[PDB]
Amino acid sequence: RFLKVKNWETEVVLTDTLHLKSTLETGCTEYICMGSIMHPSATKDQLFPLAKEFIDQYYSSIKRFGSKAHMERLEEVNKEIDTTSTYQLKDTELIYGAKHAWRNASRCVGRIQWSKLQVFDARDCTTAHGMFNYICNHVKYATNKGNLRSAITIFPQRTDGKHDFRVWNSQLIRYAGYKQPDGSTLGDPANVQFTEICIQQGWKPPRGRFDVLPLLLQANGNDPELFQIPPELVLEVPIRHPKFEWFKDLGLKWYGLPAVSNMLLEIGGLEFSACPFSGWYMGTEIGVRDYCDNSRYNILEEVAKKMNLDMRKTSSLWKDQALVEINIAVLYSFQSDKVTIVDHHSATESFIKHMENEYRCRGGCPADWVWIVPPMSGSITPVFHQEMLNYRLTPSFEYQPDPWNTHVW
Amino acid sequence: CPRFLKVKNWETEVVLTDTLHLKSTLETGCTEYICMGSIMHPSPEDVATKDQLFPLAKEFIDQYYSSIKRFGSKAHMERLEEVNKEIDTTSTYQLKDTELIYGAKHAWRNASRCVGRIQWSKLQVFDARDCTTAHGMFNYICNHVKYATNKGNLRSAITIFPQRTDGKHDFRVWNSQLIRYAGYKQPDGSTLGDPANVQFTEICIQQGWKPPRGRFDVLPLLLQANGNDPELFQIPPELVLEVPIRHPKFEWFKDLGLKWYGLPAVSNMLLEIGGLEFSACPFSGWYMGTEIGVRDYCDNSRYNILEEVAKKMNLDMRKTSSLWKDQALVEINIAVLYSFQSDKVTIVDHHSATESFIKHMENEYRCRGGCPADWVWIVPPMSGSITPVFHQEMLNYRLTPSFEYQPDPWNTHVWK
Ligand code: HEM
Ligand code: HEM
Ligand SMILES: Cc1cc(CCNCc2ccc3c(C)cc(N)nc3c2)ccc1C#N
Ligand SMILES: Cc1cc(CCNCc2ccc3c(C)cc(N)nc3c2)ccc1C#N
Ligand SMILES: C[C@H](O)[C@H](O)[C@H]1CNc2nc(N)[nH]c(=O)c2N1
Ligand SMILES: C[C@H](O)[C@H](O)[C@H]1CNc2nc(N)[nH]c(=O)c2N1
Ligand SMILES: [Zn+2]
C-alpha cells in the first residue's frame, strides 16, 4: 500500500510509493524495530537477476526501456556471466551506479547534491602504487583549494574474494591515535588500532596529537603498502573563536576533506570493496562528535574550564554551553579560511527541500531519522519533526568487515 | 526467529543480550522491508469477544502469579477458573486490587518511549472503579493532583476509572493533560496562549467555559462518565502548582513573563490490562527540563520564544552559522531548571535522567532479559550525543500491559 509521512511542524504530508520497489531487508520485523542498531541482521545464477534488475533500472532512467540497445545489453551481460562468471559495467552505467548509491543512502543528510558527483574510474588499477596515484588525484580534485567538490574513485570489483582491493584507512585523511604509558591517549582514540598497524609496518610516527596517518593500500589481495600523502594536498584548518581570544590556545585543528574509504559499493550484483568517496563537512561532525565524544578528543571539560563555568552539578548545563561555543568556533574557522562547510540548520533545511523533490519526482526518499537528526539542537531543526520511512534500495553503500580480520599476510 | 538478540553501547562497548522480546505481543508497524521507527502513531466502537478474551486474560494471570512466585499454585488455578467462569457468563471480568496495581506498574515498565522508568516500581495507584458520575471523576482527579503535587515534592500516581464494557458507556477525560494552558486563535491570525490546545479550548468555550483570554490560563476539566455528555469543572487554583521562570544571570529574563506548571499528567491514553480497556486512566510523574525548555517553549508551533530571547541576549541573528538559536536554547533551559530547583519543585535534567535510564536498562536486561526502548523518543531534543543514550543501541517492541493511544473523544462521542 501507499504510505503517508507527515511533518508535525508544518503538517505537510507526502505519499511514499518508492518503498514498494525495495528488495533488501532492513533488519526490523513485525514484532521488533531495530532502527537504532548500527549494523543490523555471489554465484553466476545469483548474479544474473541482480544484473538484470540494475540494467532494467538503468534503461528505465534514460527512457529507453525495452529498446534495441536495452535488449542487446541484456544479451551481452548474460553471455558474459556464463563465459566469465562475472561481467563489466559500461562507463555510463558506472556513473549512474555511483550517483544512485548516494541517492539511496538513507543516512546521508547531504543527498540534495547527489547528481553533482565526480566519478573517477580506476578499474584498470593493478597495484598499490597505482592506487596511491588515483587517490592523490582524487584528493587534489576534491579539495580544490578549499572549494570542495564531491568525488568517488572506484577500483576493480571483487572477483574470487582473494584478489580484493581495499583502502585499509577508514578515511583517506585521519589523525593518529597513540596509547600512552599513562593508559591515556594522544591524538584520536578512534584510530589507536590502525595507528599501531601502521607503526608495525614501518611508519615512524611523530607521536603528536594531529598527525596525519599514512595510506595503507591493498591491491589485488596482496599485503598492504604504506604511502605518504603529499602534505601540500592535505588542507587543514586551525580552529579559533570569533569572541574568545583564548580559544587559539587550545591548539585545535581539523582537516578540510571528509573522505570515507572503508565502505563497499554494490552495483548490479558487483562488489567494489575499494571506492573512497568524499564531500564536505557538516560542522557538527567535527565540533560535536570528533571533538566532544568521550571516546574521541573529549575537549568539553577543558573548554568549559577556560570559560570559567561552574562544573560541579550537571543541571547548570555547562556541557551544553561549552558545546555550542566549540561548534561556533569550527564554523567561524572554516568560513574564515574559505574552506567549504555547512551548518546543521542549513543542511537539515536543504534535506527537507530534497525530500519534497524526491517525493515529487521519484515517489519517495529512504531516510534514517536516527542518523539524519543532528547530534545537537535536534528539535530546533526541521528534520526532528519530519516523519521518515527507511528502506533499502540498490545500488548502495554497504559496510564490510575490517581488512585485518580477514587478511593472511 | 532467534532466541537471543545483542545490543551494543558504542561509547563503552558494553554488550547486552535480549531474550524478553520473545514475549512481544502486537505489531510495531515495521516489516522486514521497511522501518517505521520515526512514525508517530503507526495505526469502531466495538469490543473484545469471549474467545478473544480468555487467552488475553489467561496470559496476564499466568504472568501475575509467576511474578509473585506462585505459578502453578492452587491459588493460581483457582484464579484461572474464576476468571474463565466470569468471562463465560458475563462476557467480561474484574481485576482484583492486587492485579490492577500489578498491571498499572507494568504498563509503565513496558512503556518504550518513557525515559523515567527507573521509578516504575514506586507508583501510587488510585482505584476509581466505583465511580459513576462526572462529579465523582472530578473528585477523584482533585485528590490525585493534590497527592501527586505534594507541595512540590512530586510523587508519581495513576487514577483508574471503570473499564470499557460495550463501548457506549466509556469513561473519558477529554483533556489531553489534567493541567494545560489555553490557546485562542485571533481574527488577526495570531495565537494567544499555547497553540497546541486551540482545538480543545474551542470545545470548552462551546461547552460553556468563560475564558480569561490570557497567555497562561489553566483549562477546565472536561469529564465524561459512563457514556454521557461531558461536563465542565474548574480545578481549584490552589491545587495547581506553578513556577515563574527566571535566570540565574540575566535579570531581564523574568521580564519575558514566563511560567509553567509543575505537574505533567496525561489523561487521554488508554491502559490495557489482561485484555481489559481502561479508557480513562490519568497518570502523572514529574518533568524533565527539556520538555518545557525545548519543546513547550521553543517549538515553532508552540510558545516559540527563541527569537525574543535571542534579541534580549543581543545575539547576531543575520546568519544561522552564528548558532544564535543554539545559544538561546541552552540559556532558556538553564532558566527553567534554575527556577524549578529554587521553588523546590521536583525536576530532572536530561543528563541525570538519561544516565539513570542507562542504569535502569542494564538492570532490566540482567533481571528480566530485556527492556523495550524507543531511541527516537528516549534521546533528548537538545544535546543528544553528549548524553549516554545517544550511543546506546535499543530494541523496540510492545509488551502488555501497555499504555496505548486512542481517538479523541469528540470525534467519536454520540451526543445524548
Ligand atoms: C556533499 C556534502 C555531504 C554532506 C554535507 C554529507 C553529510 C553527511 C553526514 C552528516 C553524515 C552522517 C555522518 C556521521 O555522523 O557519521 C553522512 C553520512 C553518509 N554519507 Fe553523506 N555527506 C555529503 C556527501 C556525500 C557523498 C559525496 C556521498 C557518496 C557519494 C555520501 C554518502 C554517505 C553515506 C553512505 C553515509 C552513511 C555512512 C555510514 O552509514 O557509515 N555523502 N553524510
Ligand atoms: C516520574 C518521572 C517521569 C519522567 C521523568 C518521565 C519522562 C518522560 C518523558 C521525558 C517522556 C517523553 C514525552 C514527550 O517528549 O512528550 C515520557 C513519555 C512517556 N511516559 Fe514517562 N516520565 C515519568 C513518569 C511516568 C509515569 C508515572 C508513567 C506511567 C505510569 C509514564 C509513562 C509514560 C508514557 C506512557 C510515555 C509515552 C507518551 C506518549 O507516547 O505520548 N511516565 N516520559
Ligand atoms: C562502524 C562505524 C561507522 C561509522 C561511519 C561514520 N561515517 C562518517 C562519515 C561518512 C561519510 C561522510 C561524507 C561522505 C561526508 C561528510 N560530510 N561526512 C561524512 C561522515 C561511524 C562510527 C562507527 C562506529 N563504531
Ligand atoms: C500526538 C502527540 C502526542 C503527544 C503526547 C506527549 N506526551 C508527553 C508526556 C507524557 C507523559 C509524561 C509523563 C508521565 C511524565 C513526564 N515528565 N512527561 C510526560 C510527557 C505529544 C505530541 C503529539 C503530537 N503531535
Ligand atoms: C546507537 C546509535 O545507532 C548510534 O549511536 C548512532 C546514532 N545516530 C547517529 N547519527 C549520526 N549522524 N552518526 C552516528 O554515528 C550515529 N550513531
Ligand atoms: C517525527 C518524530 O517521530 C517526532 O517528531 C518525534 C521525534 N521524537 C520525539 N521524542 C519525544 N520525547 N517527544 C516527541 O514528541 C518526539 N517527537
Ligand atoms: Zn523499525
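The figures here come from the full heavy-atom set of this structure, side chains too, leaving out hydrogens, waters and symmetry mates. Just so it is clear: chains get the letters A, B, ... in the order the sequence lines come, proteins before strands, and each one is counted from 1.
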Go through the steps for A:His344 and A:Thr381 under the test side chain to side chain donor-acceptor pair (under 3.5 Å), then give the verdict.
-> CA-CA 8 Å; A:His344 50 284; A:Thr381 74; over 6 Å; no

Candidate list A:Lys79, A:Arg73, A:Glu75, test side chain to side chain contact (heavy atoms under 4.5 Å, CB included), partner A:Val77, passing option | A:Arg73

Of all heavy-atom pairs between B:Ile34 and A:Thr26, which one has the smallest distance, and what is that distance?
-> N-CG2, 3.4 Å

Is there a side-chain contact between A:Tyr391 and B:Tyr33 (heavy atoms, below 4.5 Å)?
-> no

Tested for ring-ring contact (aromatic ring centres under 6.0 Å, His included) against A:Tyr96, the lone hit among A:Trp102, A:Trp114, A:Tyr58 is A:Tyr58

Give a yes or no on this: more than 12 heavy atoms of other residues, nucleotides or ligands lie within 6.0 Å of atom NZ of A:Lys63.
-> no

Distance, nearest 0.5 Å, that separates CE of A:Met376 from CG of A:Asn327 | 5.0 Å

Is the number of heavy atoms from other residues, nucleotides or ligands within 6.0 Å of CZ (A:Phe210) greater than 12?
-> yes

Just wondering, do A:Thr394 and A:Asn104 contact through their side chains at under 4.5 Å, heavy atoms?
-> no

Verify the distance criterion only: is there a donor paired with an acceptor across the side chains of B:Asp326 and A:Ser377 at less than 3.5 Å?
-> yes

Under the ring-ring contact (aromatic ring centres under 6.0 Å, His included) rule, what do A:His129 and A:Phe227 come out as? Steps first, then yes or no, please.
-> CA-CA 8 Å; A:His129 276 95; A:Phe227 303 91; 5.1 Å; yes

Check against side-chain contact (heavy atoms from CB on, under 4.5 Å), A:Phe165 and A:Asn220 | CA-CA 5 Å; A:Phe165 287 77; A:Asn220 206 258; 3.9 Å; yes

B:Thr320 side chain to A:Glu349 side chain, donor-acceptor N/O pair below 3.5 angstrom | no

Would you indicate whether the side-chain heavy atoms of A:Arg392 and A:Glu398 approach each other to under 4.5 Å?
-> yes

What class does the angle between the rings of A:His39 and A:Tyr399 fall in, given that below 30° is parallel, 30 to 60° is tilted and above 60° is perpendicular?
-> perpendicular

For B:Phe390 and B:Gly384, work out which heavy atoms get closest and say how close.
-> CB-O, 3.2 Å

Can we call the ring centroids of A:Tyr255 and A:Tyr175 under 6.0 Å apart?
-> yes

Within a strict 4.5 Å, meaning less than it, do heavy atoms of the A:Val237 and A:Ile341 side chains meet?
-> no

Minimal heavy-atom distance between A:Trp203 and A:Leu226, with the atoms involved, is N-CD1, 3.5 Å

Within the distance-only criterion (no hydrogens, no angle test), does the side chain of A:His19 pair as donor or acceptor with the backbone N or O of A:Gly363 below 3.5 angstrom?
-> no

Is the side chain of A:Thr348 donor-acceptor paired with the backbone N or O of A:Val383 at a distance under 3.5 Å, no angle test?
-> no

Where is the tightest heavy-atom contact between A:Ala122 and A:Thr153, given as atom of each residue plus distance?
-> CB-CG2, 3.9 Å

Passes side-chain contact (heavy atoms from CB on, under 4.5 Å), A:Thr23 versus A:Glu53? Steps please.
-> CA-CA 11 Å; A:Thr23 37; A:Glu53 174 175 327; 4.0 Å; yes

Just wondering, are more than 12 heavy atoms of other shown residues or ligands nearer than 6.0 Å to NZ in B:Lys6?
-> yes

Run the salt-bridge test on A:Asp91 and A:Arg123 with the 4.0 Å N-O cut-off and return the result as yes or no.
-> yes

A:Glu225 side, atom CD; A:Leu217 side, atom CG - distance, nearest 0.5 Å | 8.0 Å

Grab the two heavy atoms, one from B:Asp374 and one from B:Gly37, that are nearest each other, plus how far apart they are.
-> OD1-O, 4.3 Å

Rounding to 0.5 Å, atoms CH2 (A:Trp404) and CD (A:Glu196) come to a distance of 11.0 Å

In terms of side-chain heavy atoms, does A:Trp254 have a donor or acceptor partner in A:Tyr281 at a distance below 3.5 Å?
-> yes

Indicate the atoms forming the closest heavy-atom contact of A:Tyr59 with A:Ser67, along with that distance.
-> CD2-OG, 4.3 Å

Decide if the gap between the ring center of A:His70 and the ring center of A:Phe65 is smaller than 6.0 angstrom.
-> yes

Apply side chain to side chain donor-acceptor pair (under 3.5 Å) to the pair A:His407 and A:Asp164, showing each step before the final yes or no.
-> CA-CA 10 Å; A:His407 194 56; A:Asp164 288 24; over 6 Å; no

When rounded to the nearest 0.5 angstrom, what distance separates CG in A:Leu213 from CG in A:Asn169?
-> 6.5 Å

Is a side-chain donor or acceptor of A:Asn357 paired with a backbone partner of A:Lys353 at a separation under 3.5 angstrom?
-> yes

Side chains of A:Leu14 and A:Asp16: closer than 4.5 Å at any heavy-atom pair?
-> no

Step-by-step side-chain contact (heavy atoms from CB on, under 4.5 Å) determination, A:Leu74 to A:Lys52 = CA-CA 7 Å; A:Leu74 280 171; A:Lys52 187 194 182 314; 3.9 Å; yes

Give, for atom CZ of A:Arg111 and atom OG of A:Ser106, the distance between the pair rounded to the nearest 0.5 Å.
-> 6.5 Å

When rounded to the nearest 0.5 angstrom, what is the spacing between CD1 in A:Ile135 and CG in A:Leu233?
-> 12.0 Å

Assess whether atom CZ of A:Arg362 is packed by more than 12 heavy atoms of other residues, nucleotides or ligands within 6.0 Å.
-> yes

Side chains of B:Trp10 and B:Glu393: is there a donor and an acceptor less than 3.5 Å apart?
-> yes

Could you give me the CA-CA distance, side-chain angles and deciding distance for A:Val260 and A:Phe397, then say whether side-chain contact (heavy atoms from CB on, under 4.5 Å) is met?
-> CA-CA 11 Å; A:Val260 150; A:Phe397 292 105; over 6 Å; no

Taking the side chain as every heavy atom from C-beta outward, state whether A:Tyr291 and A:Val330 have any pair of such atoms under 4.5 Å apart.
-> yes

Should we count CD of A:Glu232 as having more than 12 external heavy atoms under 6.0 Å?
-> yes

Quick one: does B:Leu5's side chain get under 4.5 Å of A:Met34's, heavy atoms only?
-> yes

For residues A:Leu50 and A:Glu266, determine if any side-chain heavy atom of one lies less than 4.5 Å from a side-chain heavy atom of the other.
-> no

